[PDB]
$ cat entry.txt   # compact mmCIF, C-alpha atoms
# COMPACT_ATOMS: atom_id res chain seq x y z
CA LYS F 117 3.90 -12.18 -17.40
CA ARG F 118 3.88 -9.41 -14.80
CA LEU F 119 4.03 -11.75 -11.80
CA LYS F 120 4.65 -8.86 -9.40
CA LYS F 121 1.31 -7.25 -10.26
CA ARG F 122 -0.21 -10.72 -10.05
CA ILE F 123 1.20 -11.50 -6.61
CA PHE F 124 0.59 -7.99 -5.23
CA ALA F 125 -3.01 -8.59 -6.24
CA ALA F 126 -2.94 -12.08 -4.81
CA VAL F 127 -1.89 -10.98 -1.33
CA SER F 128 -4.26 -8.00 -1.46
CA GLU F 129 -7.13 -10.45 -1.69
CA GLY F 130 -5.29 -13.26 0.08
CA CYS F 131 -6.05 -16.38 -1.94
CA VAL F 132 -3.57 -18.97 -0.69
CA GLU F 133 -4.18 -21.12 -3.80
CA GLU F 134 -3.45 -18.23 -6.19
CA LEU F 135 -0.46 -17.28 -4.03
CA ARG F 136 0.90 -20.84 -4.16
CA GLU F 137 0.59 -20.97 -7.96
CA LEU F 138 2.53 -17.70 -8.10
CA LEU F 139 4.97 -19.27 -5.61
CA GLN F 140 5.44 -22.42 -7.70
CA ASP F 141 5.82 -20.39 -10.90
CA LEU F 142 8.47 -17.90 -9.76
CA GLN F 143 10.53 -20.63 -8.09
CA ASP F 144 10.36 -22.62 -11.34
CA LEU F 145 11.56 -19.54 -13.24
CA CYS F 146 14.32 -19.12 -10.65
CA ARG F 147 15.61 -22.63 -11.38
CA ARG F 148 15.90 -21.78 -15.07
CA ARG F 149 18.39 -18.97 -14.39
CA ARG F 150 20.58 -20.71 -11.80
CA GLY F 151 23.53 -18.45 -12.56
CA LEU F 152 24.98 -15.88 -10.17
CA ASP F 153 21.98 -13.73 -9.21
CA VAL F 154 20.12 -16.49 -7.36
CA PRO F 155 19.73 -14.22 -4.29
CA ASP F 156 19.70 -11.01 -6.34
CA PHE F 157 17.22 -11.56 -9.19
CA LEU F 158 14.63 -13.22 -6.91
CA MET F 159 14.89 -10.23 -4.56
CA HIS F 160 14.40 -7.84 -7.49
CA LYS F 161 11.31 -9.82 -8.48
CA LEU F 162 10.06 -9.09 -4.96
CA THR F 163 11.37 -5.52 -4.79
CA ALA F 164 9.26 -2.61 -5.97
CA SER F 165 11.23 -0.53 -8.47
CA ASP F 166 9.76 2.64 -6.97
CA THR F 167 9.29 2.19 -3.30
CA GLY F 168 11.47 -0.69 -2.17
CA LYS F 169 8.31 -2.42 -0.99
CA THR F 170 8.28 -6.18 -0.98
CA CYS F 171 5.23 -8.42 -1.06
CA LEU F 172 5.61 -8.70 2.72
CA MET F 173 5.22 -4.93 3.11
CA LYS F 174 2.21 -5.11 0.80
CA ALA F 175 1.00 -8.08 2.88
CA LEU F 176 0.88 -6.16 6.15
CA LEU F 177 -0.93 -3.29 4.47
CA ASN F 178 -4.13 -5.24 3.85
CA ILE F 179 -5.13 -7.31 6.86
CA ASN F 180 -7.07 -10.47 6.12
CA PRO F 181 -8.38 -13.39 8.21
CA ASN F 182 -6.14 -15.77 6.21
CA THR F 183 -2.89 -13.88 6.57
CA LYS F 184 -1.25 -16.13 9.18
CA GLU F 185 -1.03 -18.95 6.65
CA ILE F 186 -0.13 -16.40 3.95
CA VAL F 187 2.98 -15.02 5.66
CA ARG F 188 4.02 -18.49 6.83
CA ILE F 189 4.26 -20.01 3.35
CA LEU F 190 5.77 -16.73 2.14
CA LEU F 191 8.56 -17.03 4.71
CA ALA F 192 8.93 -20.72 3.84
CA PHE F 193 9.66 -19.50 0.33
CA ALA F 194 12.12 -16.97 1.76
CA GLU F 195 13.99 -19.69 3.65
CA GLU F 196 13.89 -21.98 0.59
CA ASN F 197 16.34 -19.88 -1.44
CA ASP F 198 18.23 -18.41 1.58
CA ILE F 199 17.10 -14.78 1.20
CA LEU F 200 15.19 -14.32 4.49
CA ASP F 201 17.69 -12.09 6.32
CA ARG F 202 17.96 -9.81 3.29
CA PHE F 203 14.18 -10.07 2.86
CA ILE F 204 12.83 -9.60 6.39
CA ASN F 205 15.25 -6.88 7.44
CA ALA F 206 14.67 -4.87 4.28
CA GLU F 207 13.42 -1.34 4.82
CA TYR F 208 11.53 1.41 3.03
CA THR F 209 14.08 3.10 0.78
CA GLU F 210 11.96 5.60 -1.16
CA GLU F 211 13.13 8.35 1.30
CA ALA F 212 9.64 9.51 2.20
CA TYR F 213 8.88 7.37 5.24
CA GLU F 214 12.25 5.69 4.90
CA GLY F 215 13.91 2.97 6.93
CA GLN F 216 10.57 1.26 7.47
CA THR F 217 10.82 -2.48 7.55
CA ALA F 218 7.43 -4.20 7.52
CA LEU F 219 8.01 -5.12 11.18
CA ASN F 220 6.94 -1.54 11.92
CA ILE F 221 3.57 -2.27 10.30
CA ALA F 222 3.06 -5.42 12.37
CA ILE F 223 2.99 -3.54 15.67
CA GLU F 224 1.04 -0.76 13.96
CA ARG F 225 -1.47 -3.31 12.68
CA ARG F 226 -1.76 -4.48 16.33
CA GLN F 227 -0.97 -8.05 15.23
CA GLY F 228 1.53 -8.99 17.93
CA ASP F 229 0.82 -12.71 17.51
CA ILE F 230 2.32 -13.06 14.04
CA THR F 231 4.86 -10.38 14.98
CA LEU V 694 -23.16 32.74 11.51
CA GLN V 695 -22.71 36.41 10.69
CA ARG V 696 -19.27 35.98 9.17
CA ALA V 697 -20.79 33.02 7.33
CA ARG V 698 -23.61 35.38 6.31
CA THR V 699 -20.98 37.64 4.74
CA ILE V 700 -18.65 35.18 3.02
CA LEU V 701 -21.16 33.73 0.55
CA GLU V 702 -22.28 37.19 -0.59
CA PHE V 703 -18.72 37.99 -1.65
CA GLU V 704 -18.68 34.74 -3.60
CA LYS V 705 -22.16 35.63 -4.85
CA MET V 706 -20.72 38.94 -6.09
CA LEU V 707 -17.87 36.93 -7.60
CA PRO V 708 -18.86 35.75 -11.08
CA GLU V 709 -15.30 34.88 -12.09
CA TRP V 710 -14.25 31.36 -13.24
CA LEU V 711 -13.60 30.62 -9.51
CA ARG V 712 -9.79 30.59 -9.45
CA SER V 713 -9.96 30.18 -5.65
CA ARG V 714 -9.86 26.39 -5.70
CA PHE V 715 -10.99 25.74 -2.14
CA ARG V 716 -10.70 21.98 -2.23
CA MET V 717 -9.06 18.76 -3.32
CA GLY V 718 -10.58 18.33 -6.75
CA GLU V 719 -11.98 15.18 -8.42
CA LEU V 720 -10.13 12.92 -6.00
CA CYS V 721 -11.04 9.37 -6.95
CA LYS V 722 -13.57 7.24 -5.09
CA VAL V 723 -13.17 3.50 -4.42
CA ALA V 724 -15.74 2.83 -7.15
CA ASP V 725 -13.84 1.79 -10.28
CA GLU V 726 -15.74 4.04 -12.68
CA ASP V 727 -16.54 6.82 -10.20
CA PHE V 728 -13.20 8.57 -10.08
CA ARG V 729 -14.96 11.87 -9.33
CA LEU V 730 -16.26 13.78 -6.28
CA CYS V 731 -13.78 16.33 -5.03
CA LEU V 732 -12.93 15.67 -1.37
CA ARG V 733 -11.46 16.96 1.91
CA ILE V 734 -8.62 15.98 4.30
CA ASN V 735 -8.99 16.19 8.10
CA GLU V 736 -7.36 14.88 11.29
CA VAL V 737 -8.67 12.72 14.18
CA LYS V 738 -7.05 11.78 17.55
CA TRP V 739 -6.82 9.01 20.17
CA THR V 740 -9.89 6.87 20.76
CA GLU V 741 -11.14 3.37 19.70
CA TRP V 742 -7.84 1.49 19.54
CA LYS V 743 -8.28 -1.20 16.91
CA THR V 744 -7.11 -2.58 13.59
CA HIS V 745 -8.30 -0.59 10.58
CA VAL V 746 -9.76 -2.62 7.72
CA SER V 747 -10.80 0.05 5.21
CA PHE V 748 -8.16 2.35 3.77
CA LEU V 749 -7.33 4.04 0.47
CA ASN V 750 -3.55 4.30 0.14
CA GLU V 751 -0.16 3.15 1.43
CA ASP V 752 -0.31 5.89 4.10
CA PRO V 753 1.73 8.98 3.16
CA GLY V 754 0.97 12.29 4.84
CA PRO V 755 0.58 14.48 1.78
CA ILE V 756 0.13 13.17 -1.75
CA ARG V 757 3.20 11.45 -3.21
CA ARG V 758 5.81 13.58 -5.03
$ encode --input "entry.txt" --output "structure tokens"
Amino acid sequence: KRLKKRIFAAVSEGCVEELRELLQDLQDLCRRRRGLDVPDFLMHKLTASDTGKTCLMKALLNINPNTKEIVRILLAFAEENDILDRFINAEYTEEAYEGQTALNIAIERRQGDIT
Amino acid sequence: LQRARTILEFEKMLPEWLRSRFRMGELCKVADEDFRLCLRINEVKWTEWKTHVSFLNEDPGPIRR
């Protein structure tokens, strides 16, 4: 169940219902492995194995007139498992355009409101 | 026009297999089956400050790798 490819799709379109079902599913899978990697494994399920890109970086790529609700529930998920500081201030680590947090995109996407 | 008048004639008197690949070749279109049509890359400057809806990639400068 490649949930990453599902949720990278689901933010590319921006269906909040499809996103929420992905959100309920991955959190339910997180509760099954409540061992030691409760900040680590969830991050790796958000982290691109190539590029370091999270869903949030993918989110600010494709603009959408639904995205204010999209990011909001996404951050509510980030605060839910206490990962937000590691999540938000995560940067591009694929050493091409490196050091790029998604905050960079938010000014570049001229969306100062949600920024 | 006159240097353009020349340059095709050299190519016209070039029946090789055209090793001089002058172009990005078969670079894919947005159409899911049409991954064809060799393309070009060019550069634009400051006007029309706005959000950009349509794009193709995750914005590198050259191609990746």
$ interface_residues --input "entry.txt" --of "chain V" --to "chain F" --cutoff "8 Å" --atoms "only C-alpha atoms" --output "PyMOL selection string"
chain V and resi 743-746+751+753
$ closest_residue --input "entry.txt" --among "F:206, F:119, F:186, F:127" --to "residue 167 (chain F)" --atoms "all atoms listed in the file"
F:206
$ residues_around --input "entry.txt" --residues "residue 133 (chain F)" --least-positions-apart "6" --cutoff "12 Å" --atoms "all atoms listed in the file" --output "mmCIF file with C-alpha atoms, in the coordinates of the input"
data_model
loop_
_atom_site.group_PDB
_atom_site.id
_atom_site.type_symbol
_atom_site.label_atom_id
_atom_site.label_comp_id
_atom_site.auth_asym_id
_atom_site.auth_seq_id
_atom_site.Cartn_x
_atom_site.Cartn_y
_atom_site.Cartn_z
ATOM 1 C CA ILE F 123 1.200 -11.500 -6.610
ATOM 2 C CA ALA F 126 -2.940 -12.080 -4.810
ATOM 3 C CA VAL F 127 -1.890 -10.980 -1.330
ATOM 4 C CA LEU F 139 4.970 -19.270 -5.610
ATOM 5 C CA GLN F 140 5.440 -22.420 -7.700
ATOM 6 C CA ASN F 182 -6.140 -15.770 6.210
ATOM 7 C CA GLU F 185 -1.030 -18.950 6.650
ATOM 8 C CA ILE F 186 -0.130 -16.400 3.950
ATOM 9 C CA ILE F 189 4.260 -20.010 3.350
#
$ residues_around --input "entry.txt" --residues "residue 210 (chain F)" --least-positions-apart "2" --cutoff "10 Å" --atoms "all atoms listed in the file" --output "ChimeraX atom specification"
/F:164-169,207-208,212-216
$ write_last_selection --input "entry.txt" --atoms "C-alpha atoms" --output "PDB file, keeping the file's coordinate frame"
ATOM      1  CA  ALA F 164       9.260  -2.610  -5.970  1.00  0.00           C
ATOM      2  CA  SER F 165      11.230  -0.530  -8.470  1.00  0.00           C
ATOM      3  CA  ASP F 166       9.760   2.640  -6.970  1.00  0.00           C
ATOM      4  CA  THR F 167       9.290   2.190  -3.300  1.00  0.00           C
ATOM      5  CA  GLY F 168      11.470  -0.690  -2.170  1.00  0.00           C
ATOM      6  CA  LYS F 169       8.310  -2.420  -0.990  1.00  0.00           C
ATOM      7  CA  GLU F 207      13.420  -1.340   4.820  1.00  0.00           C
ATOM      8  CA  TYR F 208      11.530   1.410   3.030  1.00  0.00           C
ATOM      9  CA  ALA F 212       9.640   9.510   2.200  1.00  0.00           C
ATOM     10  CA  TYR F 213       8.880   7.370   5.240  1.00  0.00           C
ATOM     11  CA  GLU F 214      12.250   5.690   4.900  1.00  0.00           C
ATOM     12  CA  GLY F 215      13.910   2.970   6.930  1.00  0.00           C
ATOM     13  CA  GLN F 216      10.570   1.260   7.470  1.00  0.00           C
TER      14      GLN F 216
END
$ atom_distance --input "entry.txt" --atom1 "CA of residue 219 (chain F)" --atom2 "CA of residue 747 (chain V)"
20.4 Å
$ residues_around --input "entry.txt" --residues "region 731-738 of chain V" --least-positions-apart "6" --cutoff "6 Å" --atoms "only C-alpha atoms" --output "PyMOL selection string"
chain V and resi 717-720
$ atom_distance --input "entry.txt" --atom1 "CA of residue 125 (chain F)" --atom2 "CA of residue 223 (chain F)"
23.3 Å
$ residues_around --input "entry.txt" --residues "region 195-201 of chain F" --least-positions-apart "4" --cutoff "9 Å" --atoms "all atoms listed in the file" --output "ChimeraX atom specification"
/F:143,154-156,158-159,190-191,205-206
